[PDB]
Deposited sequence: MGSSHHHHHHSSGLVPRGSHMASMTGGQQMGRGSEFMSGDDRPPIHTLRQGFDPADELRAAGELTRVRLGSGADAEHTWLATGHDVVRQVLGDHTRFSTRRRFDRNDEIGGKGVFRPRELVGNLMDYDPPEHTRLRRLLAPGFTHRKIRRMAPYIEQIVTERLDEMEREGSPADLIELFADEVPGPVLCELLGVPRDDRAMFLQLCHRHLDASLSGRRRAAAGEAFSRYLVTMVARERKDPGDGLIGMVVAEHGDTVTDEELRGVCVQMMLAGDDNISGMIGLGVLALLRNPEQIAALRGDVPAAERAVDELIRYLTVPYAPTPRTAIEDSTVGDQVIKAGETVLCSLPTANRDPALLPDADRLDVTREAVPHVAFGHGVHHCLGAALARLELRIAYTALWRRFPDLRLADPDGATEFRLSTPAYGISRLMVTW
């Protein structure tokens, strides 16, 4: 019943997913799409921002293009944007995501990670690493990214949690949306009067009169949606991967270059997103061996692409010591993950700190079943009991 691109077995793409061709037509459930699994063909699809569109459309209706109405729920979602509109928004947001600016967040990330590790120690072992650490680190970090006032963060995160809660429907969902929107209206008004030092403040100081309040409010929701599940998934899965490959933990207790090498290897090997935004062909183009017809959709399996032998040899193995390779876990092209550096940093800090606090960290029950996080937009672990 579940679609083929969502299928996993342990840390790996499922055999069924691995058996599919480089580029074939599949049926979801009922929709019909192209599934691209090869590294080459995924890069060809993702590097093409002029013959493919990512803008969600309704009824089938103009495919790509400029100045089409966009529903509230998608304003400020860069992934739903085509150039030239994508190009505008990305350029406005880019200056907040450099290596230099993201490097400045290091002390705060260390603080957040330390506060969470403290909770674990206070709770005592055995402890659930997911609930106390993995699910708890990303929110505050994204707050800092945005420049949500330090003292507003607890209420901000709860309002946000309810709004992005897929389990809610009807009035409870609508009210969660209304409430969060109430805070973000206040936040944008605060920023319009005295621009802060995070992302929202940066944008109003430089481009104030040309950017809208809706856009700034949308940017806030969409950053939270883009940067939470992926990080919590990586922390959970990455810890399990390292614990089950204990010899490779030593790469997180050496110098920074080696811990950076371990992080990007874990990102490739675990590949938490199942797929980037579906692409719709605007005009006919050849991808790999096949003609993809206008109006047809393409879905890229990022995990399989990151197991392609053309990317690296011994690709189904975890090896933290190796040089970084041009994997597609963050995607490729103009939509290439805007938070890439932040993700890399966040994760490096969290892994390093965890083993610094708990050198002899172990699985509470290594012979028990693993509760994987299923039916979400990002693979992960929902519960992971640990001792120290």
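**Q** Could you name the stretches of the deposited sequence that have no C-alpha atoms in this structure?
**A** Missing CA coords at 1-41, 71-74, 106.
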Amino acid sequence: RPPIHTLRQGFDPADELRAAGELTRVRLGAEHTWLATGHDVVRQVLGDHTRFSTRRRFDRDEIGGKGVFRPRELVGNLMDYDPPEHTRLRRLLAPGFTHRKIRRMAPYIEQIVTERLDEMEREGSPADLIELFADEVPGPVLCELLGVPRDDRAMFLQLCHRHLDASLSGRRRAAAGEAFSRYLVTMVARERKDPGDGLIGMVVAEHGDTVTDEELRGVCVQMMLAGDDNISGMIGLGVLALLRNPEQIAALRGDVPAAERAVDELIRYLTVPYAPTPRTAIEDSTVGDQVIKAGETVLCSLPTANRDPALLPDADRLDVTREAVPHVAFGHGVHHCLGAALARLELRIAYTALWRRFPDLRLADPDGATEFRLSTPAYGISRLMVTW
From here on, numbers count along this sequence of modelled residues.
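**Q** Looking at the deposited entry, does 109-117 or 268-276 carry the larger mean Cα B-factor?
**A** Averaging CA B-factors over each stretch, the winner is 109-117.
**Q** In the PDB record, does 376-384 or 360-368 carry the higher mean Cα temperature factor?
**A** The stretch with the larger average C-alpha B-factor is 360-368.
**Q** Which of these, 71, 238, 139, 147, has its C-alpha atom at the highest B-factor, as the entry lists it?
**A** By C-alpha B-factor in the record, 71 ranks first.
**Q** From 170, 177, 83, 76, pick the one with the largest CA B-factor in the entry?
**A** If I rank 170, 177, 83, 76 by C-alpha B-factor, first place goes to 170.
**Q** Can you tell me which third, lowest, middle or highest, the CA B-factor of residue 54 falls into for its chain?
**A** Its C-alpha B-factor belongs to the lowest third of this chain's values.
**Q** Would you please rank residue 181 by its C-alpha temperature factor against the other modelled residues of its chain and give the third it falls in: lowest, middle or highest?
**A** CA B-factor rank for residue 181: lowest third.
**Q** Please say which third, lowest, middle or highest, residue 154 falls into when its CA temperature factor is compared across its chain.
**A** For residue 154, whose C-alpha B-factor we compare with every modelled residue in the chain, the answer is the lowest third.
**Q** Considering only modelled residues of the same chain, in which third does the CA B-factor of residue 254 rank: lowest, middle or highest?
**A** As the PDB entry reports it, the C-alpha B-factor of residue 254 lands in the highest third of its chain.
**Q** Lowest, middle or highest third: where is residue 38 by C-alpha B factor in its chain?
**A** Within its chain, residue 38 is a middle-third residue by C-alpha B-factor, going by the deposited values.
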